[PDB]
Structures are given as C-alpha cells and as structure tokens.
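First comes one chain, alone, set out as structure tokens in the form deposited in one PDB entry.
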C-alpha cells in the first residue's frame, strides 16, 4: 500500500494517554483535527515500528484504526483519536462507568471478529494479531463502533492461547481463543482470572492445566457453544474467524439496538462469589423473546 508523510512540526503533542507493546501513545492536534500519535521511546524499537508501519500501510477496514500518516524524523504513527477510549476502560475503568446492553456486547464482539477475519484473509501471508485484548480495542461513535489497534506485535496472559505460552508452533487460531475470552468478558463485565491473580506465570499454569472462565448462568446455548469451542486446548477444534463472523452476524437479528450510544451511568455492585457459575452483566430476556417469535 502507501503512507501519507507528515511533518512533525505540524503536530502539537498534548497529554500521554496509553502504552502498547512498544512505544507510547499520546493525544495530539494536526491540521484542524483531533488525533492520536505514537512516538518511539528508544532507538532499540525502531525496527518493530517500521514493520508495523509497513503492515498498517496495507490494511484498510472499518474495524481497524485509521492511520492518517507517519513521520520519519522522529519516527511516529498518526492515527484517529478514538473518542471513547479503550474497551478495557469502558468495561473496568474509573467510575462513572457507562451502562451497556447485550446488544452492545454482541456488536462489539462481531466488529472485532470482522477486523480479525480481514487480517486472517490477507494475501499473500495472513496477519495474526497475537495480542487481542480489550486494552487494544478502541471505541468510536458514542461507543457503538469498535476498532482494533496494536496488531502484528506482557500483561496479556489472561487472553493468550496455551500454545503461545508453550513456544509451540501456533497459528491464526490463537486470536480465536483471545476472542472467546473477550466474549466472556463483555457478557460478564469481569476481568478474566482476576481471582487467580499473582504474577503472569500463575495464570499460564492455570490455563495450561485446563482452567477457563466460569460458565455464565442463563447464557443462551448457541452463544455458550461458540464461546467454549473458541477456548479449546486443541487449536484445530476452534472455529475460524470467518465462521465466527457468519454466526455472530446471524445472531444479531436477536440483538437490536447496537447503534444506541453509551449515555447512561451505571452504579456498580456486580455480585461476586457463588463458585462455579457467574451471573452475566447483560440481560438475555429480549434475546429469548425474539428467538421464540422466529422459532416457537
């Protein structure tokens, strides 16, 4: 593809607002627009930043961060300012948190799978994200549109597929695992493996021994079936991202209201405990009602 060259002097750097696998992301201004820039911290991570630039120049999809351009001296990527911040911050951040619906949960997950499916279909060689997690999922358009960033490629163990820890030959299917865990997280509004805690190796041992997030009380069987297939030990038993897109696209018939912006506050006491099954944050009553009308 191609990249728009940008003069660094034309960029005005405001406060630092995030930190990826490498570099540091900041809020900024450029040419009568709000923008997010991503500068290098050191010369050691220059080669990583160039490969990211070469990949981002090729990608073009509604659910991947728009890259306006780049600077070469100093090295930095100029991106769209995601108004809504990260998904992580919307789910778990500082109060007041926003109210969201099952429809938002499923729409977010559909949009993520749409973006990952585009990367997995890239020719000649597929782009694997390798680090899919809510801190890398940004929200725009009042919290209704989701976008993937920091792709290609620590603190990620909770979303990372077992075969990746093991140093084993891995594939596209590592992102399907991550997506599975993200679906649980948006439905429950819970940090996965928060109760295990400790350092990263403790979650890695857990997940390697078969541990997965608890099942969700009253979760529709079609959604429970997709979720649990996504986090199989064997990556060949997980569905492709193309299959996830189709299934999730079809399910959205029963989840209307995904285009409503997040505007209501939420007072939070998500009921912990009850070992084994957990309660969802979102409500499925409307799902079951609409399903029944179509089926019986």
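Residue numbers count along the first chain shown, from 1. Throughout, rigid core stands for the largest set of C-alpha atoms superposing within 1.5 Å between the two forms.
**Student:** May I ask whether residue 21 is missing from the deposited models in at least a third of the other compared entries?
**Tutor:** Yes, a third or more of the compared structures omit it.
**Student:** Do a third or more of the other compared entries leave residue 70 out of the model?
**Tutor:** Residue 70: unmodelled in a third or more of the comparison entries.
**Student:** With respect to the deposited sequence, how many residues separating residue 153 from residue 154 are not represented by coordinates: none, 1 to 3, 4 to 9, or 10 or more?
**Tutor:** Unmodelled stretch: 10 or more residues.
**Student:** Looking at the deposited entry, does 277-285 or 15-23 carry the larger mean Cα B-factor?
**Tutor:** The stretch with the larger average C-alpha B-factor is 15-23.
**Student:** Given the B-factors recorded for C-alpha atoms, which segment has the greater mean, 233-241 or 28-36?
**Tutor:** 28-36 has the higher mean C-alpha B-factor.
**Student:** What's the residue among 143, 93, 210, 197 with the greatest CA temperature factor in the PDB record?
**Tutor:** The record points to 197.
**Student:** Determine which member of 222, 134, 74, 162 has the highest CA B-factor, using the values in the deposited entry.
**Tutor:** By C-alpha B-factor in the record, 74 ranks first.
**Student:** Ranking every modelled residue in this chain by its Cα temperature factor as given in the entry, which third contains residue 167?
**Tutor:** Its C-alpha B-factor belongs to the highest third of this chain's values.
**Student:** Based on the deposited C-alpha B factors for this chain, I'd like to know if residue 228 is in the lowest, middle or highest third.
**Tutor:** Residue 228: CA B-factor falls in the lowest third of its chain.
**Student:** Check where residue 66 lands among this chain's C-alpha B-factors and tell me if it's the lowest, middle or highest third.
**Tutor:** Middle third of the chain for residue 66's C-alpha B-factor.
**Student:** Sorting the chain's CA B-factors, does residue 271 end up in the lowest, middle or highest third?
**Tutor:** Its C-alpha B-factor, which the entry lists for residue 271, ranks in the highest third among residues of this chain.
**Student:** Comparing against every modelled residue in the chain, figure out the third that the C-alpha B-factor of residue 249 lands in (lowest, middle or highest).
**Tutor:** Answer is lowest: the recorded C-alpha B-factor places it there.
Keep in mind that the form deposited in another entry is missing from the display, and what follows is about it.
**Student:** Fix the rigid core, compare C-alpha positions between the shown form and the other one, and report which of 60, 237, 42, 249 shifts by 2 Å or more.
**Tutor:** With the rigid core fitted, the residue that moves is 42.
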